[PDB]
Structure formats: C-alpha cells, structure tokens
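> Below you will find the structure I want to go over with you.
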Amino acid sequence: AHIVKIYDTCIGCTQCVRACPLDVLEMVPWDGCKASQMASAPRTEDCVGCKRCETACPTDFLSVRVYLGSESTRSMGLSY
Amino acid sequence: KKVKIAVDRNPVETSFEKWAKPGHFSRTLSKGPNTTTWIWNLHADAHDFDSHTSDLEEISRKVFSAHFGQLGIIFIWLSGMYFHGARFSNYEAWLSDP
Amino acid sequence: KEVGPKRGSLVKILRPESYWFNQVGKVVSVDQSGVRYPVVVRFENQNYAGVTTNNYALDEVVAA
Amino acid sequence: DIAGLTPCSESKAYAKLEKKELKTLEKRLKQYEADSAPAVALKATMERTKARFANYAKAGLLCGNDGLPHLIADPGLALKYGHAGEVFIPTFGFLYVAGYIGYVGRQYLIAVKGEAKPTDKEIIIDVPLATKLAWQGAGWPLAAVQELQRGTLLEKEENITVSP
Amino acid sequence: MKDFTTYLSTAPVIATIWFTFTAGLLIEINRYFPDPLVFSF
Amino acid sequence: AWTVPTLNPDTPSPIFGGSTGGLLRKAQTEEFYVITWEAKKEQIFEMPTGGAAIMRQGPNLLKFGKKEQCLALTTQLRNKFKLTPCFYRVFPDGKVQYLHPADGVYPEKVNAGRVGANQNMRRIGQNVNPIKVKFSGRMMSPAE
Ligand code: CLA
Ligand code: CLA
Ligand SMILES: CC1=C(/C=C/C(C)=C/C=C/C(C)=C\C=C\C=C(C)\C=C\C=C(C)\C=C\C2=C(C)CCCC2(C)C)C(C)(C)CCC1
Ligand code: SF4
Ligand code: SF4
C-alpha cells in the first residue's frame with residue numbers, strides 16, 4: 001500500500017491519469033483551476049509506485065506525489 | 001526490369017547552412033540548448049538515422065553514404081600505414097635480415 | 001479590480017520550494033477568478049522536467 | 001643546505017646520476033655509425049642532457065640524499081636563500097594566466113546575457129567578440145580589483161537556494 | 001561561405017583549433033627552451 | 001444509465017496458441033484478472049505477455065495475472081484500435097470485481113460524481129517536519 005497524496009498545485013491537465021499504468025488516478029471536479037478538475041487516488045491499493053504520474057505533471061515541484069510505503073503482492077508487481 | 005537502377009536527382013542541396021544549426025536532424029534538438037543534456041543528446045542521436053525520420057528511403061540513403069564515409073576513413077587509415085610504412089620505417093632493412 | 005501584475009511585466013518568484021526561487025521571469029497572464037494560483041510566469045531557465053512555466057499565487061510573487 | 005639538503009652543484013649523487021644517464025646514452029650510441037642520424041639524434045640527446053644538468057646546477061637547485069632537484073615552496077625560505085624561481089615566481093606566473101582565462105571567460109558570459117537567446121552563442125562562439133575580450137583582458141587584475149571595490153563582482157542574495 | 005564560418009565558430013571546432021594553438025605554442029617553446037624545470041634568467 | 005456489467009465466461013478467447021508468459025499458480029490461490037472487449041473486425045494485436053494474438057468479431061475474453069498486464073492491453077486497444085474494453089478481478093472463490101471504468105467514464109475525463117480521495121488542500125511545499133510526525137505508532141511520512 002503506497003501513499004499517493006496530491007496537492008492544490010494541480011491544474012487538472014490529467015496527464016498523470018493517462019500516464020498511470022495501473023488506474024490509480026482519476027479526475028474529480030474542483031474549482032481551483034481553469035479546467036475545473038483535480039486528480040484523485042481512490043486505488044492506491046493497486047499502486048506499484050512506479051512514479052509515471054510524477055514524471056508527467058507539468059507543475060513545478062510536482063503536484064502528484066508518491067510515497068513508497070509497505071509492499072503487498074500487488075505493490076511488488078507480481079504475477080506469482 | 002524489376003531489378004534496375006533507380007535514383008533521385010539532387011535530393012539535398014550541398015550547403016553549409018545546416019552546419020550552422022547543430023541538432024538540425026531532430027525536432028527535439030533543433031531549438032537550441034537550455035541544458036547541457038542537449039550537447040550529449042546531439043552526439044548520441046547523431047547517427048540514430050531511424051529516429052531522425054520515418055521514411056525508410058531517407059534512412060537508406062543516409063546509411064548508404066555513411067558507409068562511404070567509413071570506407072573513406074579506412075582508405076585514409078590504410079594509406080597512413082603504407083605511408084608510415086614508406087617514409088618512417090625499416091622495411092628496406094627488415095627484408096635482408098628478418 | 002484587476003488583481004495581480006500587468007500582462008508582461010518582469011517579476012520575482014518567492015516560493016521556496018519552486019525551482020525558480022529568487023529568480024526572475026515574465027508574467028504572461030493573471031487569471032481573474034477564484035483560482036488559488038492565478039499568476040502564470042514563463043522563464044528562460046527551464047526546470048528539470050523541461051517545463052518553462054508554472055502557476056503561482058498572488059503572495060509568492062513580487063515585482064521587479 | 002636549507003632543510004637537510006645540499007646544492008646540486010655540490011652534491012655527488014647528482015653528478016653520479018648524470019654520469020649514470022650519459023653512460024646509458026653512450027652504450028646506446030655505440031651501435032651506430034658516427035654519420036648516422038640514429039647517432040646524430042643520440043648525441044643531440046646528450047647535449048640536451050648535459051646542458052640540463054649544467055642549468056640545474058646553475059640555478060642553485062637543492063639536491064638531497066638521492067641527488068635530485070628538490071623544491072622549496074615557502075616564501076621566506078625561498079626569498080631569503082634565493083629560490084623564488086622554483087615555486088614563488090611560477091605561483092604568480094601561473095595565477096596571472098589562470099585568472100586571465102577566468103576573466104576572459106567571465107566577460108564573454110557577462111556580455112552575452114543581454115541578447116535574444118544567449119544559449120546559441122555558447123555553441124557558436126562570437127569570434128569577433130571573444131577575441132576582442134581576449135586581447136583586452138590583459139590587465140585583468142587591474143580591472144578585477146576595481147570591480148571588487150564596487151560590489152558588482154559579487155551578485156547578492158538573488159542567488160538560488162533550497163530551504164534556508 | 002558565411003554559414004561555413006559559423007561551423008568554424010562552433011564549440012568543438014574552436015576547441016580543436018585553440019587546443020592546437022595552445023599545445024602547438026607550448027610545443028614550440030619546449031623545443032626552443034629545452035626542459036624548463038625552474039625559472040632561469 | 002450505466003451500472004456495473006457482469007460477466008459470462010462463454011465469450012470466446014482470441015486465437016492464441018498459448019505462451020509461457022501467461023498465468024501462474026497465483027491465479028489458483030490469490031487472484032487473476034480477466035479482460036473483455038467488443039471487436040468490430042478480425043485483426044492482430046500484441047499480447048502483453050509476449051507474442052501476438054488475433055481478435056475475432058464480437059466479444060473477446062482474455063485473462064492475466066496482474067493489473068498492469070490488463071491495462072497495458074487496453075492501452076493498445078483504445079489508442080490503436082479505438083475499442084472500449086473493461087477488465088475485472090476474479091478470486092478463486094468465484095467472486096468477481098469490476099475495476100477499470102469504475103464509474104463508466106474512463107478516468108481521464110470528469111464524471112462529476114466520483115469522490116476526490118487522497119488529496120491535500122495545501123501545497124507540497126507546506127508539509128510539516130518529520131520531528132512533528134515522529135512516534136506516530138508506525139513510521140509515517142510527514143505528508144501522512
Ligand atoms: C599540475 C601538475 C603539473 C605541474 C606543476 C607540471 C609542471 C611542469 N611540467 Mg609537467 N606534466 C604534468 C603535470 C604537471 N606538470 C602531467 C599531468 C603530465 C603528463 C601529461 C606532464 C608531462 C610533462 C612533460 C613531458 C614535461 C613536463 C614539463 C614540466 C615543466 C614545464 C616546462 C614548461 O612547459 O614551461 C612552460 C614555460 C612557459 C614560459 C609557458 C608560459 C606561457 C606563455 C609563454 C606566457 C604568455 C606570454 C604571451 C603574453 C602569450 C602570447 C600569446 C600572444 C597572442 C600574445 C614544469 C616543471 C617539462 C619539463 O621540463 O619537465 C621539468 C617536460 O618535458 N611535464
Ligand atoms: C556496424 C557497426 C555498427 C553500427 C552501424 C551501429 C549503429 C548504431 N548503433 Mg550500435 N553498436 C555496435 C555497432 C554498430 N552500431 C556495437 C559493436 C555495439 C556494442 C558495443 C553497439 C551498441 C549499441 C548501443 C548500446 C546503442 C547503439 C546505437 C546505435 C545507433 C546510433 C549510434 C549513434 O548515433 O552513436 C553516435 C556515436 C557515438 C555517441 C560515439 C560513442 C563514443 C564511444 C563509445 C567511445 C569509444 C571511442 C573509442 C573506441 C575510444 C577511444 C577514443 C579516444 C578519444 C579516447 C546506430 C543505429 C544506439 C541506438 O540505437 O540508440 C537507440 C545505442 O543506444 N549501438
Ligand atoms: C605565498 C604563497 C603561498 C601561500 C598562499 C596563501 C597562504 C594564500 C592564502 C590565500 C587565501 C586566504 C585566499 C582566500 C581567498 C578568498 C577568496 C574569496 C578568493 C576569491 C577569488 C575570487 C572571487 C576570484 C574571482 C574571479 C575573478 C574576479 C578573476 C578571475 C575569475 C574569477 C571569476 C574566478 C604558498 C606557500 C602556499 C605557495 C607559494 C605562494
Ligand atoms: S498533477 Fe499534473 S497531471 Fe496530475 S493532475 Fe495535477 S496537473 Fe494534471
Ligand atoms: S504511482 Fe505508479 S502507479 Fe500509482 S500512479 Fe503514479 S505511476 Fe501510476
């Protein structure tokens with residue numbers, strides 16, 4: 001179970017969701033941007049922490065942020 | 001004749017205009033540096049001819065004339081060893097007592 | 001009124017976690033709404049992601 | 001004789017090693033005719049060698065237990081005993097050229113930032129500009145210490161930090 | 001040939017001209033001044 | 001209008017001669033994830049477990065052992081071929097769970113009715129220091 005917490009510096013360009021290879025991220029309405037959207041991580045149980053989200057955030061000092069927590073059989077990326 | 005000579009007359013102008021602009025081969029490099037990773041990606045992506053363009057004909061023409069460049073450098077390299085074999089050697093003396 | 005600086009003025013960034021802290025760039029636009037970070041600043045100094053622009057708040061941003 | 005040492009014109013292991021080298025050159029010289037260029041080269045090596053020992057003893061270089069020229073890198077022991085040419089003269093002969101290259105490279109970077117895109121003129125060096133700063137930077141300590149007095153050498157705390 | 005002189009004014013070409021200048025200067029000095037270990041007069 | 005489609009395993013598999021990169025014994029104990037899509041025409045896609053399988057017209061049923069192995073299949077089924085797949089999660093007690101269009105709309109586009117979990121109404125540069133979150137039971141990041 002990794003810890004993914006995003007912040008208000010989000011602009012809602014949803015490049016983190018398109019980059020997430022595990023559907024950890026989704027786009028929720030939020031009035032603090034022109035695109036009226038801010039990400040959310042309802043599926044951090046499935047996250048591996050490969051940080052493809054925060055390779056893709058445009059904002060300086062990345063808005064999405066992944067904290068490598070305790071690794072279950074889904075966080076280690078195991079077919080076995 | 002399915003097997004036939006087929007060329008294209010003058011595809012590229014012989015011009016020094018693109019030597020003024022380093023990184024001209026790639027979209028990601030032609031806008032100049034802002035970072036020292038530019039000049040390393042310049043030399044890394046330089047002969048990655050498959051990554052410059054998508055046209056297989058343009059790739060093939062680039063690797064065909066680059067091979068003349070490698071052969072042309074080998075002919076300099078061979079001609080060095082015959083020249084350094086000629087003017088700075090003991091090959092005259094070596095044959096009598098080898 | 002029109003909060004924020006003008007359309008193309010020079011500016012100094014005071015966000016201590018930003019890559020352009022204590023560094024000078026150009027405002028390109030200030031969004032006139034209830035957005036938390038309206039002020040859009042473009043730089044010549046690109047960051048480690050190659051992104052030359054960012055949104056900043058009204059208070060992390062000082063003229064000249 | 002400063003720190004257990006001796007002049008190389010006075011020590012004997014120095015002269016023994018000079019005679020050691022000239023022995024090795026001459027037993028190498030013996031394999032060739034006296035007109036041959038492999039012998040003309042070796043006799044020219046000796047006259048560069050024998051003048052080298054003559055010039056090291058001429059300057060008063062200090063030998064020791066091994067008969068080699070030892071250097072004294074302290075002013076006050078080189079100024080007092082006549083050895084500033086070992087270290088104390090080239091420590092300013094260097095630092096002229098060193099800060100020269102620093103100042104020319106400084107002035108080229110300062111005078112390129114007020115442009116359209118200065119990153120292009122670090123690839124393509126403006127040769128009429130760069131050589132112009134190269135010649136006129138020859139009085140760089142005379143220009144730096146005047147810039148040192150203003151406060152224009154040191155940029156202030158506009159410099160970039162992380163979390164002070 | 002203005003574009004050709006831009007190429008001669010790039011970074012590696014000036015580097016390989018100036019390093020042949022600076023080595024070639026120090027090579028000629030170390031020919032006409034054999035083995036300068038210490039600053040003589 | 002949309003809610004929670006179920007599954008029948010009757011739907012045909014893609015024609016694939018089987019690879020050694022497929023399932024493992026984890027499918028028989030923990031979980032294995034099945035994926036469905038509706039193909040318009042018969043064409044040739046790449047298996048994420050190596051090789052190439054051909055899809056057939058109508059429904060297509062395929063099974064994997066990871067979540068990335070299914071979403072790296074839909075990524076080349078949505079971007080290349082403009083299909084609309086969805087993959088599930090099957091447990092060895094027969095239980096099944098619906099995963100990827102979890103509210104119907106794909107997660108890049110707003111649904112206006114999904115709940116914004118795991119967010120901080122503050123800036124990442126405004127975290128507390130680790131001296132404040134020390135002795136929090138377990139070891140704990142200051143972003144909590
Ligand atoms: C940092 C370490 C270090 C230091 C201190 C030295 C120091 C020295 N080395 Mg050594 N060396 C080093 C590293 C070092 N080396 C390394 C790493 C190597 C292996 C590559 C060598 C290999 C090596 C060899 C093979 C030899 C030396 C030699 C020498 C001596 C230099 C003689 C010389 O060239 O005078 C240079 C004299 C000058 C006057 C140069 C000044 C430059 C100009 C003239 C001044 C500017 C004037 C003018 C304004 C400019 C004109 C431009 C115009 C446009 C106006 C000196 C004792 C030589 C020697 O004699 O040994 C003792 C020698 O044969 N070294
Ligand atoms: C027929 C010979 C041949 C040919 C045509 C190619 C062609 C290519 N290779 Mg390839 N390669 C070859 C042999 C060959 N390779 C061999 C023998 C190996 C095993 C070592 C590799 C390993 C290899 C890798 C791992 C990669 C390539 C890549 C590439 C592509 C771009 C190369 C480029 O732009 O670099 C331009 C040239 C350079 C940057 C020069 C490199 C500097 C070398 C390493 C220093 C050594 C020089 C010298 C020996 C040392 C002394 C010099 C002295 C000054 C100290 C290009 C399609 C790259 C690619 O396709 O990227 C997707 C890539 O990543 N090749
Ligand atoms: C005598 C001697 C000695 C000693 C010395 C000493 C003791 C010194 C000290 C020193 C010191 C104590 C120093 C300090 C310093 C500080 C600083 C601070 C500096 C600075 C510098 C600068 C700042 C510069 C800059 C620049 C310029 C201006 C020009 C060039 C370029 C550049 C940019 C780099 C010895 C024996 C060893 C050796 C011999 C000689
Ligand atoms: S982080 Fe970058 S990508 Fe993720 S949401 Fe905020 S803006 Fe869109
Ligand atoms: S962490 Fe790895 S998985 Fe979770 S979102 Fe960022 S990238 Fe996708």
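Lettering and numbering for the structure tokens are positional, with chains as A, B, ... in the shown order, residues counted from 1 in each chain, and ligands counted from 1 in the shown order.
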For ligand 3, collect every residue having any atom at a distance of at most 12 Å from a ligand atom (counting only C-alpha atoms and all ligand atoms); output as JSON, numbers by chain.
{"D": [71, 72, 73, 74, 75, 76, 77, 78, 79, 83, 84, 85, 86, 87, 88, 89, 90, 91, 92, 93, 94, 95, 96, 97, 98, 99, 100, 101, 102, 103, 104, 105, 106, 107, 108, 109, 110, 137, 138, 139, 140, 141, 142, 143, 144, 145, 146, 147, 148, 149, 151, 152, 153, 154, 155]}
> Run DSSP on the backbone and give me the residues of stretch 40-124 of chain F it puts in strand (DSSP E), as a PyMOL selection string.
chain F and resi 43-45+53-55+58-64+86-90+96-98
> Would you list which chain B residues are within 7 Å of chain D using only C-alpha atoms, as a list in words?
residues 32, 33 and 34 of chain B
> Restricting the calculation to only C-alpha atoms and all ligand atoms, which member of C:49, C:31, C:22, C:3 is positioned closest to ligand 4?
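Under the stated criterion, the closest residue is C:49.
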> Would you mind listing what lies within 10 Å of residue A:50 as a ChimeraX atom specification, with only C-alpha atoms counted and same-chain residues fewer than 5 positions away left out?
/A:20-22,55,66,68,75,77
> Neighbours of ligand 4 at 10 Å or closer, counting only C-alpha atoms and all ligand atoms: which residues, as number ranges by chain?
A: 6-20, 25-28, 33, 35, 37-40, 53-65; F: 108
> For the residues in that selection, give me N, CA, C and O atoms as a short mmCIF file (atom, residue, chain, number, x, y, z; two decimals), in the first residue's frame.

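Below is the file again_9.cif, written as the result:
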```cif
data_model
loop_
_atom_site.label_atom_id
_atom_site.label_comp_id
_atom_site.auth_asym_id
_atom_site.auth_seq_id
_atom_site.Cartn_x
_atom_site.Cartn_y
_atom_site.Cartn_z
N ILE A 6 -1.96 13.98 -3.52
CA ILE A 6 -1.79 15.08 -4.45
C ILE A 6 -2.19 16.38 -3.76
O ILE A 6 -2.79 16.38 -2.69
N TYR A 7 -1.88 17.49 -4.41
CA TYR A 7 -1.87 18.78 -3.74
C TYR A 7 -2.62 19.80 -4.57
O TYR A 7 -3.03 19.55 -5.70
N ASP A 8 -2.77 20.99 -3.99
CA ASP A 8 -3.58 22.02 -4.62
C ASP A 8 -2.87 22.73 -5.76
O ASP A 8 -3.47 23.59 -6.41
N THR A 9 -1.61 22.40 -6.02
CA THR A 9 -0.90 22.97 -7.14
C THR A 9 -1.28 22.28 -8.45
O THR A 9 -0.79 22.68 -9.51
N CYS A 10 -2.12 21.24 -8.37
CA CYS A 10 -2.76 20.64 -9.53
C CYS A 10 -3.46 21.68 -10.39
O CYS A 10 -4.10 22.61 -9.89
N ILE A 11 -3.31 21.53 -11.70
CA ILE A 11 -4.03 22.35 -12.66
C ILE A 11 -5.04 21.55 -13.44
O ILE A 11 -5.80 22.14 -14.22
N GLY A 12 -5.08 20.24 -13.27
CA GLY A 12 -6.07 19.41 -13.92
C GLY A 12 -5.82 19.21 -15.39
O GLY A 12 -6.76 19.23 -16.18
N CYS A 13 -4.57 19.01 -15.78
CA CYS A 13 -4.27 18.69 -17.17
C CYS A 13 -4.36 17.20 -17.44
O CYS A 13 -4.09 16.79 -18.57
N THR A 14 -4.73 16.41 -16.43
CA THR A 14 -4.92 14.95 -16.40
C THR A 14 -3.87 14.14 -17.15
O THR A 14 -4.16 13.04 -17.64
N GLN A 15 -2.63 14.61 -17.17
CA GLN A 15 -1.56 13.82 -17.74
C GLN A 15 -1.08 12.74 -16.80
O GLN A 15 -0.49 11.76 -17.26
N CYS A 16 -1.33 12.89 -15.50
CA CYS A 16 -0.96 11.85 -14.55
C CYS A 16 -1.84 10.62 -14.69
O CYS A 16 -1.38 9.49 -14.51
N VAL A 17 -3.13 10.83 -14.99
CA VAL A 17 -4.06 9.72 -15.11
C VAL A 17 -3.75 8.92 -16.37
O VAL A 17 -3.70 7.68 -16.34
N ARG A 18 -3.50 9.62 -17.48
CA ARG A 18 -3.14 8.95 -18.72
C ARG A 18 -1.80 8.24 -18.63
O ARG A 18 -1.57 7.29 -19.38
N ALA A 19 -0.92 8.68 -17.73
CA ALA A 19 0.39 8.06 -17.58
C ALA A 19 0.40 6.91 -16.59
O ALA A 19 1.28 6.06 -16.69
N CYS A 20 -0.54 6.88 -15.66
CA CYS A 20 -0.65 5.82 -14.67
C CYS A 20 -0.91 4.47 -15.32
O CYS A 20 -1.98 4.29 -15.91
N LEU A 25 -5.31 6.68 -10.62
CA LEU A 25 -5.70 8.07 -10.61
C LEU A 25 -6.93 8.30 -11.48
O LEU A 25 -7.13 7.61 -12.48
N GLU A 26 -7.75 9.27 -11.08
CA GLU A 26 -8.97 9.63 -11.79
C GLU A 26 -9.21 11.11 -11.55
O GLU A 26 -8.61 11.71 -10.67
N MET A 27 -10.12 11.71 -12.32
CA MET A 27 -10.28 13.16 -12.34
C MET A 27 -11.61 13.57 -11.73
O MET A 27 -12.68 13.22 -12.24
N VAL A 28 -11.54 14.38 -10.68
CA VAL A 28 -12.67 14.80 -9.85
C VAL A 28 -12.87 16.29 -10.09
O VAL A 28 -11.88 16.99 -10.32
N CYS A 33 -9.04 25.69 -10.71
CA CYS A 33 -8.28 25.68 -11.95
C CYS A 33 -9.22 26.00 -13.10
O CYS A 33 -10.44 25.96 -12.95
N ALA A 35 -9.49 24.23 -15.90
CA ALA A 35 -10.08 23.01 -16.44
C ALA A 35 -11.06 22.35 -15.48
O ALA A 35 -11.60 21.29 -15.82
N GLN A 37 -10.97 20.67 -12.74
CA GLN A 37 -10.75 19.27 -12.41
C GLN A 37 -9.46 19.12 -11.61
O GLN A 37 -8.50 19.86 -11.80
N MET A 38 -9.48 18.16 -10.69
CA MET A 38 -8.30 17.81 -9.92
C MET A 38 -8.32 16.31 -9.71
O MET A 38 -9.38 15.71 -9.56
N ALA A 39 -7.13 15.72 -9.73
CA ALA A 39 -6.99 14.28 -9.69
C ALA A 39 -7.38 13.73 -8.33
O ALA A 39 -7.68 14.46 -7.38
N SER A 40 -7.41 12.40 -8.24
CA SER A 40 -7.71 11.71 -7.00
C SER A 40 -7.20 10.30 -7.14
O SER A 40 -7.16 9.76 -8.24
N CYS A 53 3.26 8.87 -12.85
CA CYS A 53 2.42 10.04 -12.66
C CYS A 53 3.27 11.30 -12.56
O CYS A 53 3.09 12.25 -13.33
N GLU A 54 4.22 11.30 -11.65
CA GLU A 54 5.01 12.49 -11.40
C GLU A 54 6.20 12.64 -12.34
O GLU A 54 6.97 13.58 -12.18
N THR A 55 6.36 11.75 -13.32
CA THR A 55 7.14 12.13 -14.49
C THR A 55 6.36 13.02 -15.42
O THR A 55 6.95 13.66 -16.29
N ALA A 56 5.04 13.07 -15.27
CA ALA A 56 4.16 13.68 -16.25
C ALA A 56 3.50 14.96 -15.77
O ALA A 56 2.91 15.67 -16.59
N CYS A 57 3.57 15.27 -14.49
CA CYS A 57 2.97 16.51 -14.00
C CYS A 57 3.78 17.71 -14.47
O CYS A 57 5.01 17.69 -14.38
N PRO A 58 3.15 18.73 -15.01
CA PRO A 58 3.89 19.87 -15.55
C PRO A 58 4.31 20.83 -14.46
O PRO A 58 5.28 21.58 -14.64
N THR A 59 3.58 20.83 -13.35
CA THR A 59 3.74 21.86 -12.34
C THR A 59 5.08 21.72 -11.63
O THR A 59 5.57 20.61 -11.43
N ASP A 60 5.69 22.86 -11.31
CA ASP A 60 6.96 22.84 -10.61
C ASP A 60 6.74 22.36 -9.20
O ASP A 60 5.80 22.79 -8.52
N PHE A 61 7.64 21.48 -8.77
CA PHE A 61 7.58 20.78 -7.51
C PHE A 61 6.28 20.00 -7.43
O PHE A 61 5.31 20.44 -6.81
N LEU A 62 6.32 18.85 -8.11
CA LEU A 62 5.22 18.07 -8.68
C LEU A 62 3.99 18.02 -7.80
O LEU A 62 4.07 17.87 -6.58
N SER A 63 2.83 18.13 -8.45
CA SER A 63 1.57 18.18 -7.72
C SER A 63 1.18 16.80 -7.22
O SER A 63 0.86 16.63 -6.04
N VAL A 64 1.18 15.80 -8.10
CA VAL A 64 1.06 14.42 -7.64
C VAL A 64 2.34 14.02 -6.94
O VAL A 64 3.42 14.56 -7.22
N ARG A 65 2.24 13.08 -6.01
CA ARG A 65 3.39 12.74 -5.19
C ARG A 65 3.20 11.36 -4.60
O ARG A 65 2.16 11.09 -3.98
N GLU F 108 -9.57 9.51 -17.33
CA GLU F 108 -9.00 10.78 -17.75
C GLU F 108 -10.04 11.88 -17.86
O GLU F 108 -9.68 13.06 -17.84
#
```
